[PDB]
file data_12.cif (mmCIF, C-alpha atoms and all ligand atoms)
data_data
#
loop_
_atom_site.label_atom_id
_atom_site.label_comp_id
_atom_site.auth_asym_id
_atom_site.auth_seq_id
_atom_site.Cartn_x
_atom_site.Cartn_y
_atom_site.Cartn_z
CA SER A 1 31.02 -2.93 -212.01
CA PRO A 2 28.62 -0.45 -213.79
CA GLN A 3 26.19 -0.52 -210.77
CA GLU A 4 29.03 0.93 -208.61
CA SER A 5 29.92 3.58 -211.28
CA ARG A 6 26.17 4.53 -211.40
CA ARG A 7 25.90 4.81 -207.55
CA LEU A 8 29.17 6.86 -207.52
CA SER A 9 27.91 9.27 -210.27
CA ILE A 10 24.67 9.76 -208.24
CA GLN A 11 26.76 10.28 -205.01
CA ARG A 12 28.83 12.98 -206.89
CA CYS A 13 25.54 14.64 -208.02
CA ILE A 14 24.24 14.61 -204.36
CA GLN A 15 27.58 16.13 -203.16
CA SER A 16 27.17 18.77 -205.96
CA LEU A 17 23.65 19.59 -204.58
CA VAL A 18 24.94 19.92 -200.95
CA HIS A 19 27.93 22.06 -202.12
CA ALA A 20 25.65 24.40 -204.16
CA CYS A 21 23.20 24.67 -201.19
CA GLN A 22 25.98 25.61 -198.65
CA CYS A 23 28.04 27.71 -201.18
CA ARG A 24 27.56 31.53 -200.98
CA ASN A 25 29.39 32.55 -204.22
CA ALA A 26 27.31 33.06 -207.43
CA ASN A 27 30.66 32.97 -209.39
CA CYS A 28 31.96 29.65 -207.88
CA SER A 29 34.41 27.98 -210.35
CA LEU A 30 33.03 24.39 -209.92
CA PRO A 31 30.93 22.95 -212.84
CA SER A 32 29.10 20.81 -210.19
CA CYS A 33 28.30 23.93 -208.11
CA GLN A 34 27.16 25.95 -211.20
CA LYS A 35 24.90 23.04 -212.37
CA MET A 36 23.12 22.81 -208.97
CA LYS A 37 23.00 26.61 -208.17
CA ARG A 38 21.30 27.35 -211.53
CA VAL A 39 18.96 24.29 -211.05
CA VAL A 40 17.86 25.18 -207.44
CA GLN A 41 17.29 28.85 -208.51
CA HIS A 42 15.29 27.61 -211.57
CA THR A 43 13.19 25.19 -209.41
CA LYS A 44 12.44 28.02 -206.87
CA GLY A 45 11.01 30.27 -209.70
CA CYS A 46 9.45 27.71 -212.17
CA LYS A 47 5.67 27.64 -212.97
CA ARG A 48 5.85 24.35 -215.03
CA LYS A 49 7.38 22.18 -212.18
CA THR A 50 4.20 20.05 -211.70
CA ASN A 51 2.13 21.18 -214.78
CA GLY A 52 2.78 17.75 -216.39
CA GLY A 53 6.37 17.89 -214.97
CA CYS A 54 9.26 20.26 -215.85
CA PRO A 55 12.38 18.10 -216.72
CA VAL A 56 14.65 20.23 -214.42
CA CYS A 57 12.35 20.32 -211.34
CA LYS A 58 11.22 16.63 -211.75
CA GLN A 59 14.79 15.23 -211.89
CA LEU A 60 16.07 17.49 -209.05
CA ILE A 61 13.24 15.89 -206.96
CA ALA A 62 14.29 12.39 -208.24
CA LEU A 63 17.80 13.08 -206.79
CA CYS A 64 16.30 14.46 -203.51
CA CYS A 65 14.08 11.29 -203.20
CA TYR A 66 17.14 9.03 -203.78
CA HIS A 67 19.15 11.06 -201.21
CA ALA A 68 16.28 11.02 -198.60
CA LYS A 69 16.02 7.17 -199.01
CA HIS A 70 19.65 6.91 -197.69
CA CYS A 71 19.47 9.91 -195.25
CA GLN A 72 18.64 9.83 -191.48
CA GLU A 73 19.43 13.47 -190.37
CA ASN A 74 16.84 15.85 -188.78
CA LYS A 75 18.48 19.10 -190.18
CA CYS A 76 20.19 18.01 -193.46
CA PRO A 77 21.74 20.66 -195.89
CA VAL A 78 19.66 19.26 -198.86
CA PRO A 79 16.55 21.55 -199.35
CA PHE A 80 13.70 18.99 -199.97
CA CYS A 81 15.28 15.99 -198.07
CA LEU A 82 13.51 16.26 -194.65
CA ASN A 83 9.91 16.77 -195.92
CA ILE A 84 10.56 14.14 -198.70
CA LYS A 85 11.68 11.78 -195.83
CA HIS A 86 8.33 12.56 -194.06
CA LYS A 87 6.48 11.74 -197.38
CA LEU A 88 8.53 8.46 -197.73
CA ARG A 89 7.67 7.57 -194.06
CA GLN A 90 3.93 8.18 -194.78
CA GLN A 91 4.07 5.40 -197.49
CA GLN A 92 5.54 2.93 -194.88
CA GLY A 93 3.16 3.77 -191.93
CA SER A 94 6.00 5.72 -190.13
CA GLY A 95 4.01 9.01 -190.65
CA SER A 96 0.31 10.13 -190.83
CA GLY A 97 -1.89 11.91 -193.45
CA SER A 98 -1.71 12.38 -197.27
CA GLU A 99 -3.05 15.97 -197.89
CA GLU A 100 -0.83 16.98 -194.88
CA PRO A 101 2.67 15.74 -193.67
CA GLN A 102 1.30 15.10 -190.10
CA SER A 103 -2.18 15.22 -188.37
CA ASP A 104 -1.27 18.77 -187.07
CA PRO A 105 -1.58 21.90 -189.37
CA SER A 106 1.02 24.11 -187.51
CA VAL A 107 4.08 21.81 -188.15
CA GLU A 108 3.93 22.28 -191.99
CA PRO A 109 6.84 23.89 -194.00
CA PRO A 110 6.73 27.60 -195.15
CA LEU A 111 6.02 26.41 -198.76
CA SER A 112 2.36 25.25 -199.23
CA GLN A 113 2.46 21.40 -199.35
CA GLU A 114 -0.11 21.31 -202.25
CA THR A 115 3.10 21.76 -204.34
CA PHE A 116 4.80 18.89 -202.36
CA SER A 117 1.87 16.42 -202.88
CA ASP A 118 2.03 17.30 -206.63
CA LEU A 119 5.86 16.68 -206.60
CA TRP A 120 4.79 13.20 -205.32
CA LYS A 121 2.89 12.76 -208.69
CA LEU A 122 6.12 13.32 -210.76
CA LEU A 123 7.75 10.16 -209.23
CA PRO A 124 6.05 6.69 -208.93
CA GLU A 125 4.20 6.28 -205.56
CA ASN A 126 4.84 2.53 -204.86
CA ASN A 127 7.66 1.27 -207.23
CA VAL A 128 10.38 3.39 -205.49
CA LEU A 129 9.56 1.89 -201.99
CA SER A 130 8.15 -1.59 -203.03
CA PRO A 131 9.29 -4.85 -201.19
CA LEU A 132 12.85 -5.83 -202.28
CA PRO A 133 14.89 -9.15 -202.42
CA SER A 134 18.37 -7.46 -202.91
CA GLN A 135 19.54 -3.77 -202.82
CA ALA A 136 18.46 -2.20 -206.17
CA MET A 137 15.52 0.24 -205.32
CA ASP A 138 17.99 3.18 -205.59
CA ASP A 139 19.49 2.74 -209.16
CA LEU A 140 15.88 1.97 -210.33
CA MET A 141 15.25 5.57 -211.70
CA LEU A 142 18.81 6.90 -212.59
CA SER A 143 21.86 6.24 -214.89
CA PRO A 144 25.57 7.40 -214.87
CA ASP A 145 24.99 9.36 -218.16
CA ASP A 146 21.59 11.01 -217.37
CA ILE A 147 23.23 13.01 -214.47
CA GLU A 148 24.39 15.67 -217.02
CA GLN A 149 21.48 15.32 -219.54
CA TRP A 150 18.77 16.18 -216.92
CA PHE A 151 20.26 19.69 -216.39
CA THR A 152 22.23 20.42 -219.65
CA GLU A 153 19.49 19.48 -222.24
CA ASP A 154 17.72 22.88 -221.80
CA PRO A 155 14.25 22.99 -223.59
CA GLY A 156 13.54 25.16 -226.70
CA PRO A 157 11.25 25.65 -229.79
CA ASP A 158 13.33 23.21 -231.97
ZN ZN B 201 30.40 26.61 -204.95
ZN ZN B 202 11.10 24.01 -214.07
ZN ZN B 203 19.48 14.31 -196.22
#

call {"tool": "encode", "arguments": {"input": "data_12.cif", "output": "structure tokens", "more": "lines below"}}
Ligand SMILES: [Zn+2]
Ligand SMILES: [Zn+2]
Ligand SMILES: [Zn+2]
result
Amino acid sequence: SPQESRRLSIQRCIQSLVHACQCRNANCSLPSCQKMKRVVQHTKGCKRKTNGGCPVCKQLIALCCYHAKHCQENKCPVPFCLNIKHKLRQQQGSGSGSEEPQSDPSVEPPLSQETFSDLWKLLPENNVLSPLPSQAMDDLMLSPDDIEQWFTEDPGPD
């Protein structure tokens, strides 16, 4: 079924992200690795990320949100996963604060979370975690064909 092919394409994209994050070769021969290495390096240096939403940074965070919704690990190889999982828990009452990830200021990540709370404006706040009758809240924001388009349709003047 196309729902399975969609979930599988997203799972391949998540495995591409984990590979690129653990991979130490800038010249790695995988197209999956090269897509995610160039995207994570772009996202780390971009100034448009949350200035109305950069299409690279926004969709990398869409994939990290989808991954964090399935993930349970306390030291996962995905870069945004754990603090996204804290932000997802805060929408369900499993975490505290909104302008902070917890009631304590010393437990915050090295990156200022004013960026993180603005990443939370690029994705819908309720729709993604809304009450559900059957498992579909995952495929809700992705397709099997957009997995390439998000990263390969590089912006330009025309
Ligand atoms: Zn690699
Ligand atoms: Zn960007
Ligand atoms: Zn994870």

call {"tool": "residues_near_ligand", "arguments": {"input": "data_12.cif", "ligand": "ligand ZN 203 (chain B)", "cutoff": "10 Å", "atoms": "only C-alpha atoms and all ligand atoms", "output": "PyMOL selection string"}}
result
chain A and resi 14+18+64-85

call {"tool": "residues_near_ligand", "arguments": {"input": "data_12.cif", "ligand": "ligand ZN 201 (chain B)", "cutoff": "7 Å", "atoms": "only C-alpha atoms and all ligand atoms", "output": "list in words"}}
result
residues 19, 20, 23, 24, 25, 28, 29, 30 and 33 of chain A

call {"tool": "atom_distance", "arguments": {"input": "data_12.cif", "atom1": "atom CA of residue A:100", "atom2": "atom CA of residue A:120"}}
result
12.4 Å

call {"tool": "atom_distance", "arguments": {"input": "data_12.cif", "atom1": "atom CA of residue A:88", "atom2": "atom CA of residue A:43"}}
result
20.9 Å

call {"tool": "atom_distance", "arguments": {"input": "data_12.cif", "atom1": "atom CA of residue A:131", "atom2": "atom CA of residue A:103"}}
result
26.4 Å

call {"tool": "build_atoms", "arguments": {"input": "data_12.cif", "residues": "stretch 108-119 of chain A", "atoms": "N, CA, C and O atoms", "output": "CSV table (one decimal), in the coordinates of the input"}}
result
chain,number,residue,atom,x,y,z
A,108,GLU,N,3.7,22.3,-190.5
A,108,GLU,CA,3.9,22.3,-192.0
A,108,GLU,C,5.0,23.3,-192.4
A,108,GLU,O,5.2,24.3,-191.7
A,109,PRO,N,5.8,23.0,-193.5
A,109,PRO,CA,6.8,23.9,-194.0
A,109,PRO,C,6.3,25.2,-194.5
A,109,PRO,O,5.1,25.4,-194.7
A,110,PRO,N,7.1,26.3,-194.7
A,110,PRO,CA,6.7,27.6,-195.2
A,110,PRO,C,6.1,27.6,-196.6
A,110,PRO,O,5.3,28.4,-196.9
A,111,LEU,N,6.6,26.6,-197.4
A,111,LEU,CA,6.0,26.4,-198.8
A,111,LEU,C,4.7,25.6,-198.6
A,111,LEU,O,4.8,24.5,-198.0
A,112,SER,N,3.6,26.0,-199.2
A,112,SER,CA,2.4,25.2,-199.2
A,112,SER,C,2.5,23.8,-199.8
A,112,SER,O,3.0,23.6,-200.9
A,113,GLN,N,2.2,22.8,-199.0
A,113,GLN,CA,2.5,21.4,-199.4
A,113,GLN,C,1.6,20.9,-200.5
A,113,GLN,O,1.8,19.8,-201.0
A,114,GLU,N,0.6,21.7,-201.0
A,114,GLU,CA,-0.1,21.3,-202.2
A,114,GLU,C,0.9,21.2,-203.4
A,114,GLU,O,0.6,20.4,-204.4
A,115,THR,N,2.0,21.9,-203.4
A,115,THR,CA,3.1,21.8,-204.3
A,115,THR,C,3.8,20.4,-204.1
A,115,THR,O,3.9,19.6,-205.0
A,116,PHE,N,4.2,20.1,-202.8
A,116,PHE,CA,4.8,18.9,-202.4
A,116,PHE,C,4.0,17.6,-202.7
A,116,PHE,O,4.6,16.7,-203.3
A,117,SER,N,2.7,17.6,-202.5
A,117,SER,CA,1.9,16.4,-202.9
A,117,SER,C,1.8,16.2,-204.4
A,117,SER,O,1.7,15.1,-204.9
A,118,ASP,N,1.9,17.3,-205.2
A,118,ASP,CA,2.0,17.3,-206.6
A,118,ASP,C,3.4,16.9,-207.1
A,118,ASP,O,3.6,16.2,-208.1
A,119,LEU,N,4.5,17.2,-206.3
A,119,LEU,CA,5.9,16.7,-206.6
A,119,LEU,C,5.8,15.1,-206.5
A,119,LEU,O,6.4,14.4,-207.3
